[PDB]
Amino acid sequence: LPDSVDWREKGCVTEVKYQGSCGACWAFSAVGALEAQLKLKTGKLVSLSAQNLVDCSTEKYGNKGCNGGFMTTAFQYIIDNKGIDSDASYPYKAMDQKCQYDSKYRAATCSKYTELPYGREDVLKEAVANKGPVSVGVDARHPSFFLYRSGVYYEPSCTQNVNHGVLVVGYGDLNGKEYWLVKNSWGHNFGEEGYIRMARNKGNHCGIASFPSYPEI
Ligand SMILES: CN1CCC(C#N)(NC(=O)[C@H](CC2CCCCC2)NC(=O)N2CCOCC2)CC1
């Protein structure tokens, strides 16, 4: 496997989004993963509608809109729905709204999704290198997470009790510290222009490899 990977260099990652006061991290994680696959398949980079997931992938998928959701069930909704609209056609409002999906605005489809084995960072590395960005959950509740600015994030108080859905778009090594390149959805003001490098191969730090999954088209 390559020593390092960064899907941004392959034009497979869209601009960092700002979820605001709506707990839609799961939706942004899911669309980010599908966006890479869409780019890989069609050659076109297109932001997908996180709002579409918030408003439509709901109760039936065990999701709660602005109150939380799952990337895997969001993927299944896209499969069941036979599509997901573009962000431009169905903009993000950081609120729970009535489902307004319209296939006339469909920008991607999903045929299946895969959940990686729990806590295996080597398997996660293989997937990020060979398949594309991977949706994951991390423990982002520690004060240090919000204040991250640079370097490689390592928090002794971190746990494998994850609460925040984000996207791994790469991995590598910085000054002797291996890391996972993570795309957050708290806008460009957070961390390194919206990204955070989180410790890799450090005992599944913050649960980053606890619940990984990626869709396919
Ligand atoms: C509790 N609050 C809700 C929104 C948030 C995001 N944004 N997190 C979530 O949506 C997380 C993401 C999930 C990804 C997969 C591994 C486990 C975590 N989910 C989540 O909080 N719920 C609670 C409601 O029932 C559905 C799941 C931040 C924390």
# chains A, B, ... in the order shown; residues from 1 in each chain; ligands from 1

$ residues_near_ligand --ligand "ligand 1" --cutoff "7 Å" --atoms "only C-alpha atoms and all ligand atoms" --output "VMD selection string"
chain A and resid 22 to 26 62 to 64 66 to 71 136 to 137 162 to 165 211

$ write_last_selection --atoms "N, CA and C atoms" --output "short mmCIF file (atom, residue, chain, number, x, y, z; two decimals), in the first residue's frame"
data_model
loop_
_atom_site.label_atom_id
_atom_site.label_comp_id
_atom_site.auth_asym_id
_atom_site.auth_seq_id
_atom_site.Cartn_x
_atom_site.Cartn_y
_atom_site.Cartn_z
N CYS A 22 -27.16 22.23 13.27
CA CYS A 22 -27.94 21.04 12.95
C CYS A 22 -26.96 19.85 13.02
N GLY A 23 -27.32 18.83 13.80
CA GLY A 23 -26.45 17.67 13.96
C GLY A 23 -26.50 16.75 12.75
N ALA A 24 -26.03 17.28 11.62
CA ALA A 24 -26.04 16.56 10.35
C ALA A 24 -24.68 16.01 9.94
N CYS A 25 -23.77 15.87 10.90
CA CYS A 25 -22.44 15.35 10.57
C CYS A 25 -22.56 14.03 9.80
N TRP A 26 -23.49 13.17 10.21
CA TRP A 26 -23.67 11.87 9.55
C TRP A 26 -24.01 12.02 8.08
N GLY A 62 -33.73 4.79 10.97
CA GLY A 62 -33.22 4.98 12.33
C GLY A 62 -32.51 6.31 12.52
N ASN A 63 -32.73 7.25 11.60
CA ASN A 63 -32.09 8.55 11.68
C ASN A 63 -33.02 9.61 12.26
N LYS A 64 -32.43 10.68 12.79
CA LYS A 64 -33.20 11.73 13.42
C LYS A 64 -32.88 13.13 12.92
N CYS A 66 -31.60 16.55 12.21
CA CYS A 66 -30.68 17.43 12.91
C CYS A 66 -30.31 16.91 14.30
N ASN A 67 -30.91 15.78 14.69
CA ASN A 67 -30.61 15.20 15.98
C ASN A 67 -29.73 13.93 15.88
N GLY A 68 -29.14 13.71 14.70
CA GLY A 68 -28.26 12.57 14.54
C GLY A 68 -28.71 11.51 13.56
N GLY A 69 -27.74 10.76 13.03
CA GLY A 69 -28.05 9.72 12.08
C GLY A 69 -26.87 8.79 11.88
N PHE A 70 -26.98 7.93 10.87
CA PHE A 70 -25.96 6.93 10.57
C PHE A 70 -25.56 7.02 9.11
N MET A 71 -24.28 6.86 8.82
CA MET A 71 -23.83 6.92 7.44
C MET A 71 -24.30 5.69 6.67
N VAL A 136 -16.49 7.53 8.76
CA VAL A 136 -16.16 6.94 10.05
C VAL A 136 -16.75 7.78 11.16
N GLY A 137 -16.77 7.21 12.35
CA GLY A 137 -17.25 7.96 13.51
C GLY A 137 -16.05 8.16 14.43
N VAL A 162 -17.70 6.64 20.03
CA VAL A 162 -17.79 7.68 19.02
C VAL A 162 -19.12 8.38 18.93
N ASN A 163 -19.09 9.66 18.57
CA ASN A 163 -20.30 10.44 18.49
C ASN A 163 -20.36 11.35 17.28
N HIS A 164 -19.26 11.43 16.53
CA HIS A 164 -19.19 12.37 15.42
C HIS A 164 -18.83 11.75 14.07
N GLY A 165 -19.71 11.92 13.09
CA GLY A 165 -19.48 11.35 11.77
C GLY A 165 -18.63 12.26 10.90
N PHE A 211 -16.11 2.30 13.41
CA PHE A 211 -17.23 2.08 12.49
C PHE A 211 -17.07 2.72 11.10
#

$ select_by_dssp --residues "stretch 52-95 of chain A" --states "helix (DSSP H, G or I)" --output "VMD selection string"
chain A and resid 52 to 56 59 to 61 71 to 81

$ closest_residue --among "A:8, A:125, A:17, A:39" --to "residue A:188" --atoms "only C-alpha atoms"
A:17

$ closest_residue --among "A:187, A:215, A:143, A:170" --to "residue A:37" --atoms "only C-alpha atoms"
A:215

$ select_by_dssp --residues "stretch 37-163 of chain A" --states "strand (DSSP E or B)" --output "PyMOL selection string"
chain A and resi 48+67+84-86+106-108+112-115+134-138+153

$ write_last_selection --atoms "N, CA and C atoms" --output "compact mmCIF listing (two decimals), in the first residue's frame"
# COMPACT_ATOMS: atom_id res chain seq x y z
N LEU A 48 -23.03 16.64 -3.03
CA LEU A 48 -24.33 16.00 -2.97
C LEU A 48 -25.13 16.61 -1.81
N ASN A 67 -30.91 15.78 14.69
CA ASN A 67 -30.61 15.20 15.98
C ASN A 67 -29.73 13.93 15.88
N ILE A 84 -29.91 10.43 -5.09
CA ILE A 84 -29.78 11.52 -4.15
C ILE A 84 -29.57 12.76 -4.99
N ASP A 85 -30.20 13.86 -4.59
CA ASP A 85 -30.07 15.12 -5.33
C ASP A 85 -28.74 15.84 -5.07
N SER A 86 -28.40 16.78 -5.96
CA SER A 86 -27.19 17.58 -5.79
C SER A 86 -27.44 18.60 -4.68
N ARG A 106 -31.54 14.46 -9.43
CA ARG A 106 -30.62 13.41 -8.99
C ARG A 106 -29.22 13.65 -9.52
N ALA A 107 -28.20 13.54 -8.66
CA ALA A 107 -26.82 13.72 -9.13
C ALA A 107 -25.94 12.49 -8.88
N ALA A 108 -26.46 11.51 -8.15
CA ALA A 108 -25.72 10.28 -7.89
C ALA A 108 -26.68 9.17 -7.47
N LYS A 112 -24.49 -0.18 -3.35
CA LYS A 112 -24.20 -0.94 -2.14
C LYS A 112 -23.23 -0.18 -1.26
N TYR A 113 -23.04 -0.69 -0.05
CA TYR A 113 -22.08 -0.08 0.88
C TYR A 113 -21.41 -1.21 1.67
N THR A 114 -20.24 -0.92 2.22
CA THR A 114 -19.48 -1.92 2.96
C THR A 114 -19.06 -1.35 4.29
N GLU A 115 -19.23 -2.13 5.35
CA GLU A 115 -18.82 -1.71 6.68
C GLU A 115 -17.54 -2.50 6.99
N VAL A 134 -13.40 7.16 3.28
CA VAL A 134 -14.23 6.29 4.09
C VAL A 134 -14.92 7.05 5.22
N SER A 135 -16.24 6.87 5.34
CA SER A 135 -17.03 7.50 6.40
C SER A 135 -16.69 6.78 7.69
N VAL A 136 -16.49 7.53 8.76
CA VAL A 136 -16.16 6.94 10.05
C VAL A 136 -16.75 7.78 11.16
N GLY A 137 -16.77 7.21 12.35
CA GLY A 137 -17.25 7.96 13.51
C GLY A 137 -16.05 8.16 14.43
N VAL A 138 -15.95 9.33 15.06
CA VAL A 138 -14.86 9.56 16.01
C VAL A 138 -15.42 10.14 17.29
N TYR A 153 -3.38 15.30 15.84
CA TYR A 153 -4.23 15.23 17.03
C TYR A 153 -4.11 13.93 17.83

$ atom_distance --atom1 "atom CA of residue A:105" --atom2 "atom CA of residue A:43"
18.4 Å

$ atom_distance --atom1 "atom CA of residue A:158" --atom2 "atom CA of residue A:186"
19.6 Å

$ residues_around --residues "stretch 5-7 of chain A" --least-positions-apart "5" --cutoff "6 Å" --atoms "only C-alpha atoms" --output "list in words"
residues 12, 169, 170 and 171 of chain A

$ write_last_selection --atoms "N, CA and C atoms" --output "compact mmCIF listing (two decimals), in the first residue's frame"
# COMPACT_ATOMS: atom_id res chain seq x y z
N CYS A 12 -11.09 14.41 -5.79
CA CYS A 12 -12.24 13.61 -5.35
C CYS A 12 -12.92 14.12 -4.09
N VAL A 169 -10.14 11.06 4.23
CA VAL A 169 -9.82 11.27 2.82
C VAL A 169 -8.34 10.99 2.54
N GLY A 170 -7.66 10.42 3.52
CA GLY A 170 -6.26 10.12 3.32
C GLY A 170 -5.55 9.73 4.59
N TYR A 171 -4.24 9.55 4.48
CA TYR A 171 -3.42 9.16 5.62
C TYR A 171 -1.97 9.42 5.27

$ closest_residue --among "A:49, A:59, A:14, A:159" --to "residue A:141" --atoms "only C-alpha atoms"
A:159

$ closest_residue --among "A:181, A:40, A:30, A:196" --to "residue A:11" --atoms "only C-alpha atoms"
A:40

$ closest_residue --among "A:13, A:167, A:99, A:208" --to "residue A:38" --atoms "only C-alpha atoms"
A:13

$ atom_distance --atom1 "atom CA of residue A:79" --atom2 "atom CA of residue A:126"
24.4 Å
